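As a starting point, one isolated chain is supplied in structure tokens, in the form deposited without its partner chain.
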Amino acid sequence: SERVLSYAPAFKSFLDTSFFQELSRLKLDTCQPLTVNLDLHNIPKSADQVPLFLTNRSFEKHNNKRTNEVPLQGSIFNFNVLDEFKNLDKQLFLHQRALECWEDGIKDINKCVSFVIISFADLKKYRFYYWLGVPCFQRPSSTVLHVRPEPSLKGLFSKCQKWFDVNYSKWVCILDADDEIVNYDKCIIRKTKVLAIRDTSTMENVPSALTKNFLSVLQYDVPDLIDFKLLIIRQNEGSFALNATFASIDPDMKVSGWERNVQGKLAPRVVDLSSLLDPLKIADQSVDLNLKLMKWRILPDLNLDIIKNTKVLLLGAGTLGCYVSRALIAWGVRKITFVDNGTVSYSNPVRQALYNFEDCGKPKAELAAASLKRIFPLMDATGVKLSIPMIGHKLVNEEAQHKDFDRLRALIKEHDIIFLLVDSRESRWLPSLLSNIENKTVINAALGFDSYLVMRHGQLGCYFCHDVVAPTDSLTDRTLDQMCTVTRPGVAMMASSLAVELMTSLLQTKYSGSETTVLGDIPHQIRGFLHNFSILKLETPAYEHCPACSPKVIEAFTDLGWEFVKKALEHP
């Protein structure tokens, strides 16, 4: 019938986000008093111990217990150096606590219960390292306790239950000579022989480890008392009566109490609250949902990931470059590389939607990238100050220009879609070929005072296959891609959006037996005119003698390379 009384952890930590917020608020503005209000009635049939709830107020003085709650004093030790936290004598620490409890207990048996929390806060990463500890001392370490059940005394139990509900600051109670529940008193128990403990465990026939504390104080007070009655009082039906006797096996005080982590080991717990408190992360969240939500309610078949993971290289950080990067960004695109040789001029901000008056004279390409990062910090924006050599132009400083030719490839290579947003025909050649030799989709945007042209490179013709504008054409029409950057402002806005929206329809899977996708058509060329508010979709076939995508041309570059590129550039 007999057995050795075994125990169960006294509490279970539940640290709320608010707790960690207060902890931070305090670290920016090394021991801290904490108070919690326990509720030994509200206990889930699923838990093993009274839950210890910690929030932004456990830090406060005035907490407001509810009828029947048990106030429990505690503290938190914060560490600034992560190494110090890690390198702390966990054992000596809990021992230094248990001692404090032992000192209070021998004075008032009802003050040897408490909890402690050691923690290191990584405010920048929003990580939080903590460890809850409940000082549980057993002295002497040799003195164990033999016990044997006693059939229930629902009467006695109900008595103690009420007493503990009322006497909210007491953990122990006993019977007087008239058998009435009263505060623990050494010379009384010494005769009445009954000890009732407010248990914080639900583990069948297994009391809270805090029982050890009280028995240690009991032994100290009544050295001779060796046989008594233990009552483990629980606020429900598990209260049980025990016939106790104090054994001994071989002053030494063993201490335990550290709480087991989520995984189940005796180590610190680490909580990463960045996805909740990082304004940057909360932001990124919404940018995502806008699209997720868009897809979900209107076009569930739309592929967002594809668009998001497309690495876009923009050749030209001017009017087009800014409006284009803008649209891409709202489509989810996270990798954008700006390539522009110029600097921000006085007349640029009002036209090129990425600059300010303050950043004039500064290197343009690198500023566009910085600009995107201000809109969305998570963007992987970059700026390269590189110049694309033009056709029919005497080569200058061939060495540095040769490098420029090499660097332009490394870029057209590490990227998926290539946006050609330059000024004149002359700067579209080198990049258009390289892109072809490297198998990369190319989308061209050209401006004209009145109109614009948007088109893609493959068979489908390219920009140099057939001429776009004829000579026997309108004055305000022949201005297309004619180094005409100043135009009716609306041109660039439209040209840009269509270029980006063409890239996304095009990035979607095509319906078998049709030239459309879930987002619509996928034209070869688009042409808009402002004077009459119109658009045209023309398609042109690869031309055999194109000075750019023609088989002979590709061959040339393939066999000779720079030597050919060079000659091709100077040839007038």
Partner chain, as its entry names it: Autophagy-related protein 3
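Numbering follows the first chain given and starts at 1.
There is another form of the same protein, the form solved in complex with its partner chain; it is not shown, and what comes next is about it.
> Could you check which residue among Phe115, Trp131, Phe164, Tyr463 gets a heavy atom within 4.5 Å of its partner chain in the deposited complex?
Flagged contact: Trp131.
> Under a 4.5 angstroms heavy atom criterion, identify the one residue in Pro268, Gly238, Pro363, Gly74 near its partner chain in the deposited complex.
After the contact test, the surviving option is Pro268.
> Give a yes/no on whether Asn309 approaches its partner chain to within 4.5 Å in the deposited complex, heavy atoms considered.
Output for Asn309 is no: heavy atoms all beyond 4.5 Å of its partner chain.
> Is the gap between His146 and its partner chain in the deposited complex 4.5 Å or less for some heavy atom pair?
No, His146 sits far enough from its partner chain in the deposited complex that none of its heavy atoms falls within 4.5 Å.
> Within 4.5 Å, heavy atoms only: does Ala410 come near its partner chain in the deposited complex?
No, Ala410 stays farther than 4.5 Å from its partner chain in the deposited complex.
> Is there a heavy atom of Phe157 lying 4.5 Å or less from a heavy atom of its partner chain in the deposited complex?
No, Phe157 stays farther than 4.5 Å from its partner chain in the deposited complex.
> Name the stretch, out of 293 to 301, 196 to 204, 428 to 436, 215 to 223, where some heavy atom lies within 4.5 Å of its partner chain in the deposited complex.
Heavy atoms within 4.5 Å of its partner chain in the deposited complex occur in 293 to 301.
> At 4.5 Å, heavy atom to heavy atom, what parts of 12 to 42 sit next to its partner chain in the deposited complex? List them in sequence order, or say none.
Stretch hits, in order: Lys12, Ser13, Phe14, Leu15, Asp16, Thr17, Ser18, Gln21, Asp39, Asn42.
> Which single option from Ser274, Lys154, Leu530, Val81 is at the hinge, given the motion of the rigid parts between the shown form and the other one?
Answer to the hinge question: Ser274.
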